[PDB]
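# Overview (structure and organization)
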Amino acid sequence: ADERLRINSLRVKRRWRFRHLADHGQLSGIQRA
Amino acid sequence: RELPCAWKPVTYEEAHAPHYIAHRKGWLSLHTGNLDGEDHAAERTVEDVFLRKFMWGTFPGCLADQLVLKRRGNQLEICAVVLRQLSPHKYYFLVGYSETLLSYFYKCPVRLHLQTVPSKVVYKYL
Amino acid sequence: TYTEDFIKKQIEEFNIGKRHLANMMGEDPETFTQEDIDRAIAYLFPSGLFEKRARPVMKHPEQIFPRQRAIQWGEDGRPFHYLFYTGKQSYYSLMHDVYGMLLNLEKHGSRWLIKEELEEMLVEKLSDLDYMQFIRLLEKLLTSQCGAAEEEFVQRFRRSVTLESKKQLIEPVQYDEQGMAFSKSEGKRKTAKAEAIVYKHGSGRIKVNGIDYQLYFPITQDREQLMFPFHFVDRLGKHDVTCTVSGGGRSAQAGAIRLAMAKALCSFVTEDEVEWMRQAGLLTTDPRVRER
Amino acid sequence: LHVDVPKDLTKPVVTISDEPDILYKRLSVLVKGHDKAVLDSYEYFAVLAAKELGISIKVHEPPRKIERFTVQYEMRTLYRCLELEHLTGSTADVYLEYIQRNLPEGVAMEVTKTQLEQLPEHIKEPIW
Amino acid sequence: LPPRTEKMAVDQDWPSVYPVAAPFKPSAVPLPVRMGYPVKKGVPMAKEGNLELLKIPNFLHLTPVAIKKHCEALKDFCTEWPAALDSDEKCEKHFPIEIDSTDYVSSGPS
RNA sequence: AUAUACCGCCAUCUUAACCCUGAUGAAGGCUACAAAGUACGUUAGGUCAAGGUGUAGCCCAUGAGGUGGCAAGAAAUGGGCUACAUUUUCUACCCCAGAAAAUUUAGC
Ligand SMILES: [Mg+2]
């Protein structure tokens, strides 16, 4: 990563990674609007 | 049967539909991840998934209802509701076993809070 | 079904819990009340559920369980009420009382009680036609020269609805250091907010943010709006106005100033004139605002 | 315990050091939760503790926030701000330890501390 | 076995029952509290087996008596504001510089 | 290539008893100024652009190159983007100045 970084220098919702858990109240804070 | 001839106990969590989650039901897990500005919501979700599967496979036919997973600081409290069918010695064995596995698997002081009930607390019938 | 022994055990459990809650909260158990119970349960078991009923609650058991099952006869089996065998002892007893009072009177704003709440008071289900019968008897009692006892009897079955229009709060007449009488008032139109001081005597000078009104309002429409209140009650050139307006735009500020001046001028006019201004739309805050 | 009571108790060792104490002009405690009743209970607890420790406290409620996303899901974040004023470093440490150990689950905290400091000696006069 | 709330006196020391934050125990909390949306011609459920009362972050460990008893023992750790600095007028005078720094308390392993 | 693999994200559709009457027949029971009536699955679905877990393909070619070409025409209609001015345009000002020149979409 750093090697490529240096040489270059020289040159769905993922916040939870859902409907199942959210509908069964298993995700804190999530609710239907 | 016949074609026009066509034309189960449930607890509170089972009875009430998902659109009651902040009106009648609550949230099973309680943590700060989903609040505004806080991070690691996904990691907490994955931890919750593993806890629920582990507990349902480690207390088979004992859990009367769904778990309640609380988090304060780095503490991790599993409040479970179980039946009075298994012997208390086996319950103590499993409590110790699960506490130690989860503490060494999540690198935090996990603790467990069994509440036994004589039988499923049925809310209504659907 | 709840047996009376069950309810008795619930009552004693509730009293013991009441004293326990008074212990936990540090209050005196002797004076510990139901409102205190509600506040303490809210504190100790916080819950944000929108359904008010869904929160944890500690009620007296009679509040919780349906206790309408009152026995209507004793151990010997004799019913207590002489109209028991009608099946509607409460309703027919009430009708009998009303008929007796009507007989006595013959020898000599608010709304009627609704059917369901009448059932609640009587603790008996009743149809629509018998409710109509009762209401017509109550009307007959009202029409007659009903006395104080009959008046309060009717009021037992007459619910209260408050009507309070016609009455514009007339601002007090203050006096400035120079001994001149004036009245202050506020007005709002869209986002414009105005506050006007009308003087009892004057020469018709309006001063808006310290600027003459014709210089502050170049457009003639706004000057007409400022003119409307004083013109309507025929006192153009008899008062001085000092107003401060902020926010909004040209016409919104003019409307706010008009409302403020009318509400302040209500102090120096007769009550009939106040009512006339109210009917001309001069004392109403305009609620029309931009919709999202 | 009616009769069996601990005869004496080992009070923890609190040493009065020689170094001077930090001074905080203000200390704003913003607590965030998904439930308003939990925040009200926490506000009552924190305010009573502040009075019992002699700290001067004021409470206000910042406007809530609502994150909606998509079936439409929603997340409400409610706030309570507890502004303490004129407390030293040790009072702040003990009060904060108390109210952070008693922070309910699902509630997060942001404590902003405004320390009072004197000018460095290096900036008092210009270098010649 | 029977719940131990039956053995609890009406003038007990409540803080000794709930010293620290603990989940709701219907066998330990001597209150006839009920939670739940009642069914038609029903009542809110009882506490025994109630998951909703179990999901509340309760404050039984922080009652007014307990809070005062804690804050009477925590006074030992506190120091005193210098009385010379009565208001902001002197705080901006004797200590011109102000340093704002923030800490964050979340829940998790890190 | 496959979500015509799952997961995810959107969307479609479906979700009894008692009491009287008729001579104790099939049978019937209302009148208020009251005369028997009371009690989740579904989808050859879309999405591989703010996301994953797999499975298959070609491997003298579904890989790597080289030489030329390819750069269309015409209508009728459907849609979109620009400018369309005298109640206008430019300057000073923020409104008393001077110069220039057919269907459709909403209604409330
Ligand atoms: Mg498809």
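For every chain, the first residue of the written sequence is numbered 1 and the count continues from 1 onward along that sequence, whatever numbering the entry uses; residues with no coordinates are hidden. Chains and ligands are labelled sequentially in the order written, the chains with letters from A and the ligands with numbers from 1. The chains in this view make up only part of a larger assembly, and the values are for that part alone. The basis for every side-chain value is the complete set of non-hydrogen atoms in the structure, without hydrogens or water.

For clarity, the threshold we go by: UniProt positions are given in the numbering used here, feature names are shortened, and annotations may be inferred rather than shown by experiment.
Chain C goes by 28S ribosomal protein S9, mitochondrial in the PDB entry, where it is assigned to Homo sapiens. Here the entry title, as the record gives it, is "Human mitochondrial small subunit assembly intermediate (State A)". Taken directly from UniProt, the Subcellular location text for chain C runs: "Mitochondrion". Here is the UniProt Sequence similarities comment for chain C, exactly as written: "Belongs to the universal ribosomal protein uS9 family."

Under the PDB entry, the name given to chain B is 28S ribosomal protein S24, mitochondrial, and the organism recorded is Homo sapiens. As its UniProt record puts it under Sequence similarities, chain B is described as follows: "Belongs to the universal ribosomal protein uS3 family."

## Overview of the nonpolar core
Formally: What makes a nonpolar core is a set of buried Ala, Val, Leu, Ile, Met, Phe, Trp, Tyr and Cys residues whose side-chain atoms join them at distances within 4.5 Å. A 1.4 Å probe rolled over the protein chains alone gives each residue an accessible area, and that area as a share of the maximum for its type sets the label: buried under 20%, exposed over 50%, partly exposed in between. Helix numbers and strand numbers start at the N terminus; a helix is a DSSP run of H or I with at least 4 residues, a strand a run of E with at least 2.
Grouped together as the largest cluster of nonpolar side chains are 66 residues, with contacts concentrated most on C:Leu21, C:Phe45 and D:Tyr95. Tallying contributions element by element places helix 1 (residues 36-52) of chain D first for this core, with nine residues.

## Concerning the interface of chain E and chain D
Put simply, the test is: In what follows, a contact means two residues having at least one pair of non-hydrogen atoms within 4.5 Å. What gets called buried area is simply the loss in accessible area from a 1.4 Å probe that two parts show on being joined, summed for both. Salt bridge, as used here: a side-chain nitrogen of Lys or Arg that lies within 4 Å of a carboxyl oxygen of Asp or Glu.
Of the residues lining the interface, 37 residues belong to chain E; the matching set on chain D comes to 41 residues. Taken together, the two surfaces of chain E and chain D that pack against each other cover about 3,600 Å², and 66% of this comes from carbon and sulfur. When the buried area of chain E at its contact with chain D is split by residue, E:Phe59, E:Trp81 and E:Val105 rank highest and sum to 18% of it. There are three salt bridges connecting chain E and chain D.

## Concerning the sheet that holds strand 4 (residues 181-189) of chain C
Residues and elements named next belong to chain C. For clarity, the threshold we go by: For two strands to be treated as a pair, DSSP must find at least two bridges joining them. Axes, fitted as lines to C-alpha atoms, cover a helix only where it is in contact. Angles between the N-to-C directions of the axes lie from 0 to 180 degrees.
Strand order in the open sheet made by the six strands is 3-4-5-8-6-7, with mixed pairing throughout. Each end of this open sheet is capped by a strand with a single partner; those strands are strand 3 (174-175) and strand 7 (211-212). Where strand 6 (residues 206-208) meets strand 8 (residues 241-246), three bridges bridge the pair, whose relative direction is parallel. When the bridges of strand 8 are listed, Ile206 appears paired with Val241. Packed onto the sheet, helix 10 (residues 250-265) meets strand 4, strand 5 (192-199), strand 6 and strand 8 and runs at close to 145 degrees relative to strand 4.

## Points about the protein's contact with RNA strand F
Keep this limit in mind: The cutoff for a nearby residue is simple: one of its non-hydrogen atoms must lie within 4 Å of the molecule or strand. By the criterion applied in these results, polar contacts are pairs of N or O atoms within 3.5 Å in which, for protein atoms, one can donate a hydrogen and the other can accept it, and in which residues neighboring in sequence qualify only through two side-chain atoms.
With respect to spatial proximity, 15 residues lie near RNA strand F, and among them A:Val12, A:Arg14, C:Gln133, C:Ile219 and D:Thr70 are the closest. Protein-adjacent atoms of RNA strand F, using a 4 Å cutoff, are sugar or phosphate at a proportion of 67%. For RNA strand F, a phosphate oxygen lies 3.3 Å from a polar atom in the backbone of A:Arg19. Between C:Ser127 and RNA strand F, the recorded distance is 3.2 Å, taken from a side-chain N or O atom to a base nitrogen. A total of four residues in the surface near RNA strand F trace back to one element, the largest contributor, which is helix 6 (residues 128-143) of chain C.

## Describing helix 5 (residues 115-122) of chain C
Residues and elements named next belong to chain C. How we decide: To obtain the arc, one takes the directions from the helix axis to the C-beta atoms.
The set of residues buried in helix 5 consists of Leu118, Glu119 and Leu122. The buried residues of helix 5 occupy an angular sector of 105 degrees when the element is viewed end-on, so they sit on one face. Opposite the packed face of helix 5, turned more than 90 degrees from it, sit the exposed residues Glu116 and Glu120. If you follow the buried residues of helix 5, they end up packed against helix 4 (89-107) and helix 6. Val123 sits one or two residues past helix 5 and shows a positive phi near 60 degrees.

## A closer look at the interface of chain E and chain C
Threshold: In this classification, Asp, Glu, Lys and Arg are treated as charged, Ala, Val, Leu, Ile, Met, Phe, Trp, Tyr, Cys and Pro as nonpolar, and every other residue, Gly included, as polar.
With 29 residues of chain E at the interface, the matching set in chain C holds 28 residues. For the pairing of chain E and chain C, the buried interface totals around 2,400 Å² over both sides, and the portion due to carbon and sulfur atoms is 70%. Ranking the residues of chain E by area buried against chain C places E:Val10, E:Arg34 and E:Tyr37 at the top, with a combined share of 23%. At the junction of chain E with chain C, the criterion picks out seven residue pairs in polar contact. By residue number, the principal contributor to the side of chain E that touches chain C is helix 3 (residues 64-73) of chain E, which donates three residues. The residue inventory of the side of chain E that touches chain C, partitioned by class, reads 23 nonpolar, four polar and two charged.

## Observations regarding the packing of aromatic side chains
Where two aromatic rings form a pair, the distance of their centres and the angle of their planes describe that pair. Quick reminder of the rule: Note on ring pairs: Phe, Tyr and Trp rings are taken, using the six-membered ring of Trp, and paired if centres are within 6.5 Å. Classes follow the plane angle, with under 30 degrees stacked, over 60 edge-to-face and the rest tilted. Any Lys NZ or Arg CZ found within 6 Å of a ring centre and within 35 degrees of that ring's normal is scored as a charge over the ring.
On inspection of all chains with the given rule, the structure shows 29 aromatic pairs over all chains. Arranged with centres 6.3 Å apart and planes meeting at 20 degrees, the rings of B:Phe59 and B:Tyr91 form a pair that is stacked. In this pair, B:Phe59 sits in the loop between helix 2 (41-58) and strand 3 (68-72) while B:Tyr91 sits in helix 3 (residues 88-106), placing the two residues 32 residues apart along the sequence. We note that B:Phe59, like B:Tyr91, is buried. With a centroid separation of 4.8 Å and 55 degrees between ring planes, the pair formed by C:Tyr2 and C:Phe65 is classed as tilted. Linking C:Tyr2 in the segment before helix 1 (4-25) with C:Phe65 in the loop between helix 3 (61-64) and helix 4, this pair joins segments that are 63 residues apart in sequence. Judged by relative accessible area, C:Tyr2 falls into the partly exposed class, the value being 28%. Classification of C:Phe65 by relative accessible area gives buried; the value is 2%. The rings of B:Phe50, B:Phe54, B:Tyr97, B:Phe105 and B:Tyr106 are connected pair by pair, giving a single aromatic cluster. One residue, B:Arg24, lies across the ring of B:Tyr20, its end atom 4.1 Å from the ring centre. In this structure, B:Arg24 packs its charged tip against the face of E:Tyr37, placed 3.8 Å from the ring centre.

## Let's talk about the layout of surface pockets
Put simply, the rule reads: In this analysis, the protein atoms alone were mapped onto a 1 Å grid. Cavities are point sets where a 1.4 Å probe fits without being able to get out; pockets are open sets with protein on both sides within 12 Å along at least five of seven lines; lining residues have an atom within 4 Å of a point. Grid points are joined across faces, edges and corners, and a volume is the space filled by probe spheres set on the points.
Here the second largest pocket is characterised by a volume of approximately 1,000 Å³. Every residue lining the second largest pocket is counted, 49 residues in all, and those nearest its centre are C:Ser47, C:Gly48, C:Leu49, C:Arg55 and D:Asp35. Those elements that provide at least two residues to the lining of the second largest pocket are helix 2 (34-44) and helix 3 of chain C together with helix 1 and strand 4 (73-88) of chain D. With four residues, the single largest contributor to the lining of the second largest pocket is helix 1 of chain D. Partitioned by chemical class, the residues of the lining of the second largest pocket number 22 nonpolar, 12 polar and 15 charged.

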